[PDB]
Structure formats: C-alpha cells, structure tokens
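File shown: protein_28.cif (mmCIF, C-alpha atoms).
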```cif
data_structure
#
loop_
_atom_site.label_atom_id
_atom_site.label_comp_id
_atom_site.auth_asym_id
_atom_site.auth_seq_id
_atom_site.Cartn_x
_atom_site.Cartn_y
_atom_site.Cartn_z
CA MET A 1 100.36 4.15 -101.90
CA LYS A 2 96.64 4.97 -102.10
CA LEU A 3 96.75 7.29 -99.07
CA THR A 4 98.42 4.80 -96.66
CA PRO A 5 97.69 1.06 -96.33
CA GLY A 6 95.92 1.50 -93.01
CA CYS A 7 93.46 3.99 -94.48
CA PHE A 8 93.12 1.74 -97.55
CA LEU A 9 92.14 -1.16 -95.28
CA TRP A 10 89.76 1.14 -93.38
CA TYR A 11 88.13 2.14 -96.68
CA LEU A 12 87.84 -1.54 -97.63
CA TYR A 13 86.19 -2.29 -94.27
CA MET A 14 83.79 0.64 -94.74
CA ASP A 15 82.92 -0.63 -98.23
CA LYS A 16 82.31 -4.12 -96.84
CA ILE A 17 80.15 -2.71 -94.01
CA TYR A 18 78.13 -0.23 -96.11
CA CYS A 19 75.93 -0.73 -99.16
CA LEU A 20 77.44 2.27 -100.98
CA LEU A 21 81.16 3.08 -100.84
CA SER A 22 80.62 6.54 -102.43
CA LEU A 23 83.29 8.18 -104.61
CA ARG A 24 86.44 9.73 -103.07
CA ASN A 25 84.70 10.34 -99.75
CA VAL A 26 87.97 9.73 -97.88
CA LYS A 27 89.76 12.03 -100.33
CA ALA A 28 87.18 14.78 -99.75
CA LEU A 29 87.50 14.32 -95.98
CA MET A 30 91.30 14.55 -96.25
CA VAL A 31 91.00 17.70 -98.37
CA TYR A 32 88.65 19.27 -95.81
CA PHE A 33 91.01 18.29 -92.99
CA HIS A 34 93.96 19.83 -94.86
CA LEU A 35 91.95 23.02 -95.40
CA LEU A 36 91.02 23.15 -91.70
CA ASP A 37 94.56 22.43 -90.47
CA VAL A 38 96.27 25.70 -91.38
CA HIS A 39 99.71 24.70 -90.08
CA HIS A 40 99.44 21.24 -91.74
CA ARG A 41 100.78 19.65 -88.54
CA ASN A 42 98.29 16.72 -88.72
CA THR A 43 96.13 18.43 -86.08
CA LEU A 44 93.30 20.94 -85.88
CA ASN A 45 92.34 23.43 -83.20
CA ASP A 46 89.04 23.44 -81.32
CA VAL A 47 88.10 26.78 -82.90
CA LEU A 48 88.76 25.40 -86.39
CA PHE A 49 86.78 22.24 -85.60
CA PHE A 50 83.85 24.32 -84.32
CA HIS A 51 84.02 26.53 -87.42
CA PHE A 52 83.95 23.47 -89.69
CA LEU A 53 81.04 22.01 -87.72
CA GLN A 54 79.08 25.27 -87.96
CA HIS A 55 79.82 25.54 -91.69
CA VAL A 56 78.87 21.93 -92.53
CA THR A 57 76.44 20.51 -89.96
CA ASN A 58 75.43 23.85 -88.32
CA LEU A 59 75.61 22.27 -84.87
CA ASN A 60 75.51 24.17 -81.59
CA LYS A 61 78.69 25.40 -79.92
CA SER A 62 78.12 23.23 -76.84
CA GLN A 63 77.42 20.16 -78.99
CA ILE A 64 80.55 20.82 -81.07
CA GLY A 65 82.64 21.19 -77.91
CA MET A 66 81.22 17.98 -76.43
CA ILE A 67 81.88 16.11 -79.69
CA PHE A 68 85.45 17.43 -79.81
CA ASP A 69 86.04 16.46 -76.17
CA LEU A 70 84.67 12.96 -76.79
CA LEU A 71 86.76 12.53 -79.96
CA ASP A 72 90.04 13.84 -78.50
CA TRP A 73 90.80 11.05 -76.05
CA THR A 74 94.41 12.26 -75.76
CA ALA A 75 93.17 15.52 -74.13
CA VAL A 76 95.97 17.52 -75.78
CA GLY A 77 93.70 20.37 -76.90
CA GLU A 78 93.78 19.38 -80.58
CA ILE A 79 91.97 17.00 -82.93
CA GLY A 80 94.02 14.89 -85.32
CA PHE A 81 93.36 14.09 -88.96
CA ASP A 82 92.43 10.49 -88.11
CA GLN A 83 90.06 11.75 -85.39
CA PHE A 84 88.43 14.14 -87.86
CA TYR A 85 88.06 11.34 -90.42
CA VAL A 86 86.52 9.05 -87.78
CA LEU A 87 84.09 11.80 -86.73
CA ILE A 88 83.11 12.46 -90.36
CA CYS A 89 82.55 8.74 -90.98
CA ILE A 90 80.50 8.50 -87.77
CA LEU A 91 78.34 11.42 -88.91
CA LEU A 92 77.97 10.27 -92.55
CA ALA A 93 75.08 12.66 -93.36
CA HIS A 94 73.10 11.89 -90.21
CA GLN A 95 69.95 13.64 -91.52
CA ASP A 96 69.22 10.61 -93.72
CA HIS A 97 66.89 7.85 -92.53
CA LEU A 98 69.41 5.11 -93.34
CA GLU A 99 72.01 6.99 -91.28
CA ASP A 100 70.17 5.83 -88.15
CA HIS A 101 70.67 2.20 -89.18
CA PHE A 102 74.28 2.98 -90.12
CA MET A 103 74.87 4.41 -86.63
CA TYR A 104 73.13 1.40 -85.08
CA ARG A 105 75.60 -0.79 -86.98
CA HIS A 106 78.31 1.62 -85.68
CA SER A 107 81.87 0.20 -86.04
CA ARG A 108 83.74 -3.07 -85.48
CA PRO A 109 83.83 -2.84 -81.64
CA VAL A 110 80.69 -0.66 -81.52
CA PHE A 111 81.15 -0.13 -77.78
CA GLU A 112 83.99 2.35 -77.15
CA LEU A 113 82.23 5.17 -79.03
CA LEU A 114 79.41 5.09 -76.48
CA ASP A 115 81.67 4.17 -73.54
CA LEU A 116 83.58 7.40 -72.95
CA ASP A 117 84.87 6.21 -69.56
CA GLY A 118 86.49 3.14 -71.11
CA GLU A 119 85.78 0.88 -68.11
CA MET A 120 83.39 -1.34 -70.14
CA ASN A 121 80.45 0.61 -68.72
CA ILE A 122 78.23 3.33 -70.22
CA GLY A 123 76.77 5.80 -67.74
CA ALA A 124 73.95 8.32 -67.72
CA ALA A 125 76.30 11.07 -68.91
CA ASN A 126 77.41 8.88 -71.82
CA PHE A 127 73.77 8.13 -72.67
CA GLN A 128 72.96 11.86 -72.60
CA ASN A 129 75.96 12.59 -74.83
CA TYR A 130 74.81 9.92 -77.29
CA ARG A 131 71.28 11.36 -77.27
CA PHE A 132 72.76 14.80 -77.95
CA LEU A 133 74.89 13.45 -80.82
CA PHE A 134 72.02 11.49 -82.43
CA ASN A 135 68.50 12.86 -81.99
CA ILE A 136 66.28 10.65 -79.82
CA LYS A 137 63.40 11.18 -77.42
CA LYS A 138 64.19 11.30 -73.70
CA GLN A 139 61.40 8.82 -72.91
CA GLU A 140 62.67 6.45 -75.61
CA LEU A 141 66.22 6.73 -74.24
CA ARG A 142 64.99 6.02 -70.70
CA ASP A 143 63.00 3.00 -71.91
CA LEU A 144 66.02 1.68 -73.81
CA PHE A 145 68.24 2.15 -70.74
CA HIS A 146 65.70 0.34 -68.55
CA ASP A 147 65.48 -2.53 -71.05
CA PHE A 148 69.28 -2.77 -71.27
CA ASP A 149 69.76 -2.68 -67.47
CA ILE A 150 68.63 -6.23 -66.77
CA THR A 151 70.49 -6.39 -63.45
CA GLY A 152 69.21 -2.94 -62.47
CA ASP A 153 72.69 -1.53 -61.78
CA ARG A 154 72.37 1.05 -64.61
CA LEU A 155 75.49 -0.38 -66.27
CA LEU A 156 75.80 -1.85 -69.77
CA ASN A 157 78.32 -4.59 -70.54
CA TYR A 158 79.96 -5.16 -73.92
CA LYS A 159 78.05 -8.40 -74.53
CA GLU A 160 74.76 -6.77 -73.49
CA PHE A 161 75.43 -3.80 -75.79
CA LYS A 162 76.24 -6.17 -78.67
CA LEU A 163 73.03 -8.14 -78.04
CA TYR A 164 70.97 -4.93 -77.91
CA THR A 165 72.56 -3.69 -81.14
CA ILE A 166 71.89 -7.04 -82.83
CA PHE A 167 68.26 -6.99 -81.69
CA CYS A 168 67.82 -3.40 -82.90
CA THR A 169 69.39 -4.23 -86.27
CA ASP A 170 67.16 -7.30 -86.65
CA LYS A 171 64.07 -5.24 -85.77
CA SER A 172 65.06 -2.53 -88.27
CA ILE A 173 65.72 -5.08 -91.02
CA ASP A 174 62.45 -6.91 -90.34
CA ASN B 1 63.73 -1.98 -25.90
CA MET B 2 61.44 -4.95 -26.55
CA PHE B 3 58.76 -2.71 -28.07
CA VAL B 4 61.25 -0.98 -30.36
CA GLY B 5 62.84 -4.27 -31.50
CA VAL B 6 59.48 -5.99 -32.05
CA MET B 7 58.22 -3.06 -34.11
CA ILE B 8 61.52 -2.60 -36.00
CA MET B 9 61.69 -6.02 -37.51
CA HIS B 10 57.96 -6.62 -37.64
CA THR B 11 57.90 -3.77 -40.15
CA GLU B 12 61.15 -5.08 -41.68
CA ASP B 13 59.61 -8.51 -42.32
CA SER B 14 56.41 -6.80 -43.49
CA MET B 15 58.06 -4.69 -46.19
CA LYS B 16 60.58 -7.39 -47.17
CA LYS B 17 57.85 -9.66 -48.55
CA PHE B 18 56.08 -6.68 -50.16
CA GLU B 19 59.25 -5.59 -51.98
CA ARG B 20 59.95 -9.19 -53.00
CA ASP B 21 56.44 -9.49 -54.45
CA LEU B 22 56.79 -6.18 -56.30
CA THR B 23 60.13 -7.26 -57.78
CA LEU B 24 58.61 -10.62 -58.73
CA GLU B 25 55.77 -8.82 -60.52
CA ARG B 26 58.28 -6.62 -62.35
CA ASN B 27 60.31 -9.70 -63.34
CA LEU B 28 57.14 -11.42 -64.57
CA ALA B 29 56.32 -8.36 -66.67
CA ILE B 30 59.87 -8.32 -68.08
CA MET B 31 59.70 -12.03 -68.94
CA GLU B 32 56.30 -11.55 -70.59
CA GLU B 33 57.55 -8.60 -72.66
CA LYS B 34 60.56 -10.68 -73.73
CA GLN B 35 58.22 -13.53 -74.70
CA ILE B 36 56.04 -11.16 -76.74
CA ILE B 37 59.15 -9.77 -78.46
CA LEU B 38 60.36 -13.30 -79.25
CA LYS B 39 56.97 -14.36 -80.65
CA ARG B 40 56.82 -11.19 -82.78
CA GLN B 41 60.32 -11.88 -84.13
CA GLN B 42 59.43 -15.51 -84.90
CA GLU B 43 56.23 -14.42 -86.66
CA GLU B 44 58.20 -11.87 -88.71
CA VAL B 45 60.78 -14.51 -89.67
CA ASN B 46 58.05 -16.98 -90.67
CA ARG B 47 56.23 -14.33 -92.73
CA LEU B 48 59.47 -13.38 -94.49
CA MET B 49 60.20 -17.03 -95.26
CA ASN B 50 56.65 -17.58 -96.56
CA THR B 51 56.89 -14.51 -98.81
CA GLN B 52 60.29 -15.64 -100.13
CA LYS B 53 58.90 -19.13 -100.82
CA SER B 54 55.83 -17.76 -102.60
CA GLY B 55 57.83 -15.18 -104.58
CA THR C 1 89.24 26.25 -116.23
CA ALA C 2 89.17 22.69 -114.89
CA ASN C 3 92.84 22.14 -115.90
CA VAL C 4 92.19 18.46 -116.66
CA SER C 5 93.05 16.22 -119.59
CA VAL C 6 90.32 15.59 -122.16
CA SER C 7 91.33 11.93 -122.52
CA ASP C 8 90.94 11.48 -118.74
CA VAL C 9 87.74 13.55 -118.46
CA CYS C 10 85.94 11.79 -121.34
CA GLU C 11 87.13 8.20 -120.82
CA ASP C 12 83.60 6.78 -120.36
CA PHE C 13 83.41 7.37 -116.62
CA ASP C 14 79.79 6.17 -116.55
CA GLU C 15 79.35 2.63 -115.22
CA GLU C 16 76.59 1.92 -117.76
CA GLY C 17 79.05 1.94 -120.67
CA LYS C 18 77.42 4.91 -122.41
CA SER C 19 79.67 7.26 -124.36
CA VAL C 20 80.31 10.45 -122.40
CA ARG C 21 81.34 12.30 -125.56
CA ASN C 22 78.13 11.25 -127.34
CA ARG C 23 76.05 12.23 -124.30
CA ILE C 24 77.76 15.64 -124.16
CA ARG C 25 77.19 16.14 -127.90
CA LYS C 26 73.50 15.27 -127.52
CA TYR C 27 73.23 17.64 -124.54
CA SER C 28 74.89 20.43 -126.55
CA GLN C 29 72.50 19.81 -129.46
CA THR C 30 69.52 19.95 -127.08
CA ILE C 31 70.87 23.14 -125.50
CA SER C 32 71.30 24.72 -128.94
CA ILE C 33 67.74 23.74 -129.89
CA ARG C 34 66.42 25.19 -126.61
CA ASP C 35 68.38 28.41 -127.15
CA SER C 36 66.98 28.71 -130.68
CA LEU C 37 63.45 28.04 -129.37
CA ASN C 38 63.94 30.48 -126.44
CA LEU C 39 63.29 27.93 -123.70
CA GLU C 40 63.22 28.86 -120.03
CA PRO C 41 65.93 27.62 -117.63
CA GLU C 42 63.50 25.39 -115.71
CA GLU C 43 62.29 23.75 -118.94
CA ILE C 44 65.92 23.36 -120.07
CA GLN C 45 66.83 21.66 -116.78
CA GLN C 46 63.79 19.38 -117.05
CA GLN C 47 64.73 18.46 -120.63
CA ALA C 48 68.33 17.75 -119.59
CA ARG C 49 67.09 15.56 -116.73
CA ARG C 50 64.78 13.71 -119.14
CA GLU C 51 67.67 13.20 -121.58
CA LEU C 52 69.88 11.83 -118.79
CA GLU C 53 67.06 9.55 -117.64
CA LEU C 54 66.59 8.29 -121.21
CA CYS C 55 70.34 7.69 -121.56
CA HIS C 56 70.31 5.68 -118.32
CA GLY C 57 67.11 3.83 -119.27
CA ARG C 58 68.24 1.53 -122.06
CA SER C 59 66.73 -1.92 -122.64
CA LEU C 60 66.24 -3.37 -119.16
CA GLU C 61 67.04 -6.91 -120.33
CA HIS C 62 70.57 -5.76 -121.29
CA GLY C 63 71.89 -5.78 -117.75
CA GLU C 64 70.42 -4.74 -114.40
CA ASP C 65 72.64 -1.64 -114.16
CA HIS C 66 70.21 0.35 -116.31
CA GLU C 67 67.30 -0.59 -114.02
CA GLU C 68 69.27 0.54 -110.96
CA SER C 69 70.17 3.79 -112.74
CA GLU C 70 66.50 4.40 -113.58
CA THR C 71 65.49 3.66 -109.98
CA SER C 72 68.12 6.12 -108.73
CA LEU C 73 67.02 8.77 -111.25
CA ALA C 74 63.37 8.34 -110.20
CA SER C 75 64.23 10.01 -106.86
CA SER C 76 64.79 13.73 -106.23
CA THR C 77 67.99 14.25 -104.22
CA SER C 78 69.98 11.39 -105.78
CA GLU C 79 68.79 12.32 -109.28
CA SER C 80 69.71 15.97 -108.70
CA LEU C 81 73.16 14.96 -107.43
CA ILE C 82 73.70 12.67 -110.44
CA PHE C 83 72.59 15.44 -112.82
CA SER C 84 74.92 17.94 -111.13
CA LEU C 85 77.82 15.48 -111.35
CA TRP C 86 77.10 14.80 -115.03
CA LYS C 87 76.71 18.47 -115.96
CA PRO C 88 80.04 19.65 -114.44
CA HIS C 89 81.90 16.74 -116.04
CA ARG C 90 80.19 17.46 -119.37
CA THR C 91 81.14 21.15 -119.13
CA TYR C 92 84.74 20.25 -118.27
CA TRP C 93 84.94 17.83 -121.21
CA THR C 94 83.42 20.41 -123.58
CA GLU C 95 85.91 23.05 -122.42
CA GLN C 96 88.80 20.57 -122.72
CA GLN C 97 87.75 19.51 -126.22
CA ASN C 98 88.75 22.64 -128.15
CA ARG C 99 91.37 24.32 -125.94
CA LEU C 100 91.13 24.39 -122.12
CA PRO C 101 94.60 25.24 -120.68
CA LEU C 102 95.35 28.95 -120.46
CA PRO C 103 96.85 31.70 -118.27
CA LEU C 104 95.92 32.75 -114.70
CA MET C 105 95.89 29.09 -113.64
CA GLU C 106 99.44 29.53 -112.35
CA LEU C 107 98.27 32.79 -110.75
CA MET C 108 95.47 30.94 -108.93
CA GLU C 109 97.93 28.23 -107.86
CA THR C 110 100.35 30.88 -106.55
CA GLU C 111 97.51 32.61 -104.68
CA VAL C 112 96.49 29.29 -103.11
CA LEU C 113 100.10 28.58 -102.12
CA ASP C 114 100.50 32.06 -100.60
CA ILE C 115 97.24 31.67 -98.66
CA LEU C 116 98.37 28.26 -97.39
CA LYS C 117 101.76 29.65 -96.33
CA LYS C 118 100.16 32.61 -94.53
CA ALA C 119 97.67 30.32 -92.78
CA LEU C 120 100.49 27.96 -91.74
CA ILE C 121 102.52 30.86 -90.33
CA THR C 122 99.49 32.25 -88.47
CA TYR C 123 98.63 28.84 -87.00
CA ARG C 124 102.24 28.10 -86.02
CA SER C 125 102.92 31.49 -84.39
CA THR C 126 100.27 32.49 -81.82
CA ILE C 127 101.67 34.63 -79.01
CA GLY C 128 98.25 35.67 -77.72
CA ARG C 129 95.45 33.19 -77.03
CA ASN C 130 93.04 36.11 -76.45
CA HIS C 131 94.30 38.23 -79.35
CA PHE C 132 91.89 39.59 -81.95
CA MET C 133 93.93 39.80 -85.17
CA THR C 134 95.01 36.14 -85.09
CA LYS C 135 91.45 35.03 -84.32
CA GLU C 136 90.08 37.15 -87.17
CA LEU C 137 92.66 35.74 -89.60
CA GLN C 138 91.90 32.16 -88.53
CA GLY C 139 88.16 32.75 -88.86
CA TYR C 140 88.59 34.29 -92.32
CA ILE C 141 90.74 31.33 -93.38
CA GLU C 142 88.14 28.86 -92.09
CA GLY C 143 85.34 30.73 -93.86
CA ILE C 144 87.30 30.82 -97.12
CA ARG C 145 88.01 27.09 -96.87
CA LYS C 146 84.34 26.34 -96.16
CA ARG C 147 83.24 28.49 -99.11
CA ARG C 148 85.76 26.81 -101.42
CA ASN C 149 84.81 23.29 -100.30
#
```
Here is a file; write its structure as structure tokens.
Amino acid sequence: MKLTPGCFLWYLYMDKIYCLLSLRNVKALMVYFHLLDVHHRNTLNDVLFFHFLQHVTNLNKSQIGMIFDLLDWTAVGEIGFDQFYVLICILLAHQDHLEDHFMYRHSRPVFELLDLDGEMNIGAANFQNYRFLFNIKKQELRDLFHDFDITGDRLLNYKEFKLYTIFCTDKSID
Amino acid sequence: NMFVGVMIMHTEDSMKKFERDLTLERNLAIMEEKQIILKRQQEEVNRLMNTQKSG
Amino acid sequence: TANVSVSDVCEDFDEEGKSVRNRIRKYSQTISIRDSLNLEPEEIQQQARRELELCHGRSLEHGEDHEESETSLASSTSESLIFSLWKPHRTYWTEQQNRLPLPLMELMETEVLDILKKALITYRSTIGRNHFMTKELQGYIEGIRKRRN
C-alpha cells in the first residue's frame, strides 16, 4: 500500500482541498516523525516535540507546550505519528500569506480544532490559544468574538462558526 | 417601608427602559453593519460578474 | 553518493516534457565554459537560472504548462527552490552516469542503523526522568536528526 489507505485518502482530500499537493510532503513528514520517535513506538515525547518545533519553526517553549497539550487529546504524555502529521498539515508553512487562507479553510469539520473543550463551544481560553497559534491582533480578535457572539453569551456554535468561516473565505476571495 | 419600595422600583423601572433603549441602539447598529456588509458583498459580486462579462 | 539508479533519476521527471539528460548536458557545457572564462559563482548561478528559465520558457502556444513554469520562475523563493531541486537531481544524474555506486555506503547505512538502535534503546529504557545523561543523549539525537533533515 501507498503508506496505508487511510493516509492515502487523507492525501487525496488534502489535494482536493488545496491548490498545490506538493511532492512527498506526507513522506517527508513521516520521515521526520520517524527521526523524532527514537524508540519507533508510533509516539513521540514532549521533549522531542519541543526540540523539533525549536529546530523547524523556532517557536517558544510555552507555545510548543500549549500546542502539544492541544494536540494530545488522549492526555497520555505522548504525541502520536498521526497527531504530528495533523499538526504539520495544520502549520503548512504558516509564514506564507496564503497560509492564512488555508487555515481559514481549516479542515472538514473546521470546528474541533478551535473547540478544545469539545462541548460545541469555544471559550476565551480557546480564542487566546488560537491567537497564540496563528498571529492576530488582540483588538481584531475581540472584534471578531463580538461579531460572532450574536446572542451575547460569548459562545460560538458549530453553525455560527461555519457561517463566519464562509463569510471570511468569501471576503478573502473577493 | 413604603419609601424604600417606591424608590427601589422607581429606579428599577427607570433603568429598565434605559437599558432596553441602549440594547435597541446596539441592535440597530449591528443590523446596519450587517446591511453595509451585505451591500458591499453584493457590489463585489456584481463587479466581478461585470469584469468576467467584459473580459 | 546518491545511491540511485540512473534510469530512475533521468527518466524525464520534469512535467514540461523536456529531456533531463539534455538539460544536464547543456548545464555541464555552460559550467565548463564558465570555468574556462573564470566566471564568479554569483554569475554562474545567474547563468544557470537563466538557462533553466529558458528551458521552461518554450513556445507559449505549445501548452500552458510552459507559461505556468515561467510565472513560477519569475518569483524568488519558488524559483530558488525549483533551481535547487533541479541542480541536486542534475548532480545525482551526472554522478550516476559514469559510475556512482561505491564503498562506504554500507558503512553509512550501518552507522545509521547503529544510531537508530542506540536511540531506540535510550528511548525505551529511561530509569530517571530527571537524569542528565539520557537527556543529553536524546537532545543530541534530536539535533542530529534536525541537522540531517
């Protein structure tokens, strides 16, 4: 198989969702994950993940720890190969201008990445974590939160988040 | 007791209408900003269609 | 030592249909001319970039792939990445033409396998979470992997 049928379908979905499918990006990510995972137990330690983040993206230690905590939903103290691949695809050279539109497109559900609690609601801590992950002004984030909170309860539903993402994508395309 | 009750909900009924008017003004501003956004989007769509027709 | 087959490394990997062997031969001829004329490295790189741009910029009516290639080469970062990808592949094909495979490749493979085994043992066995030697070994392994990648 071409590195499992599930990952093949994920690569096909990424190619259908992105203008450029690159060349062996998933293979390079798998090679980097194999290099990071010393024991080759399909998992990586927090220290190894922070070392890889400092070597590649040169992110802060607190930001790397927050990203690892958000990615590892199992809370087992380790990050899997699939989690590392998902994080790499979410980053996708975030310094580029088109990476902002790629992150606005996000993924198929495009809600659970922001909703760390998982109760179909994104809080102020989740908004701050998203603003730490992707650079954005605090005033702009507050204005976006106020615009999204139509009911004034400071809670974002899945349909409201989808509508906001669609409006942002339409504004960016136009 | 009559003085305290009279004052209590005289001020309650005074600020209730004030807060309702302030929330109505905020809702009017929100509706107007949504209308401006919609008109801007429609103008952008029409301009894109005109450019595609003329190109 | 790329340790790759010449027939797989020069199988016209370019999507424009241009001959990779002919492009490498033209690049080698240009490099020989520059070496005879004592050209500087910056001028040599500029000439190689111009040659790659000319190879990509064929007649624009013969397919829109050439126009897209020229538009990509008109940039800086994408053009530099394309030139770097073409130059390493050209060097690998040129080395594989005459005689690439040779000794010390098995030595490098054995060294990589030994490093992987040592890293696996160190990651599997960790008695002390606050120990210094294990942390230093893991950090050195991570740095070596980052430098290799």
Could I get the residues of chain B with an atom no further than 12 Å from an atom of range 133-157 of chain A, each paired with its nearest atom pair and that distance in Å to one decimal, using all atoms listed in the file, sorted by chain and residue number, as a tab-separated table?
```
residue	atom	partner	partner_atom	distance
B:23	CA	A:152	CA	11.1
B:26	CA	A:150	CA	11.3
B:27	CA	A:150	CA	9.6
B:29	CA	A:147	CA	11.7
B:30	CA	A:147	CA	8.6
B:31	CA	A:150	CA	10.9
B:33	CA	A:147	CA	10.1
B:34	CA	A:147	CA	9.9
```
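Taking CA of residue 68 in chain C and CA of residue 6 in chain C as the two end points, the separation is 28.2 Å.
Rounded to one decimal, CA of residue 128 in chain A and CA of residue 66 in chain A lie 11.0 Å from each other.
By only C-alpha atoms, and with residues fewer than 2 positions from range 53-55 of chain A along its chain excluded, the set lying at most 9 Å from it is residues 48, 49, 50, 51, 57, 58, 59, 60, 61 and 64 of chain A; 142, 143, 146 and 147 of chain C.
Every residue that the PyMOL selection byres ((chain B) within 8 of (chain A)) selects in this file is listed here: residues 41, 44 and 45 of chain B.
Taking CA of residue 18 in chain B as the reference point, CA of residue 6 in chain B is found at 18.4 Å.
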- Message: Could you list, as a ChimeraX atom specification, every residue matched by the PyMOL selection byres ((chain A) within 12 of (chain C)) in this structure?
- Response: /A:23,28-57,96
- Report as a PyMOL selection string the full result of the PyMOL selection byres ((chain A and resi 169) around 12) when it is applied to this structure. chain A and resi 98+100-106+162-168+170-174
- Message: Please list, as a PyMOL selection string, the residues that have an atom at most 12 Å away from (65.8, 18.4, -120.8) in the coordinates of this file, counting only C-alpha atoms.
- Response: chain C and resi 26-34+39-55+83+87
- Could you name the residues that touch range 109-119 of chain A at 8 Å or less, counting only C-alpha atoms, but leaving out those on the same chain fewer than 6 positions away, as a ChimeraX atom specification? /A:70,126-127,130,158,161-162
- Task: Skip residue 101 in chain C itself and residues of its chain fewer than 4 positions away, then list as a list in words all residues within 8 Å of it, counting only C-alpha atoms.
- Result: residues 1, 3 and 96 of chain C
Residue selection dump (C-alpha atoms) as a short mmCIF file (atom, residue, chain, number, x, y, z; two decimals), keeping the file's coordinate frame:
```
data_model
loop_
_atom_site.label_atom_id
_atom_site.label_comp_id
_atom_site.auth_asym_id
_atom_site.auth_seq_id
_atom_site.Cartn_x
_atom_site.Cartn_y
_atom_site.Cartn_z
CA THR C 1 89.24 26.25 -116.23
CA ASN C 3 92.84 22.14 -115.90
CA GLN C 96 88.80 20.57 -122.72
#
```
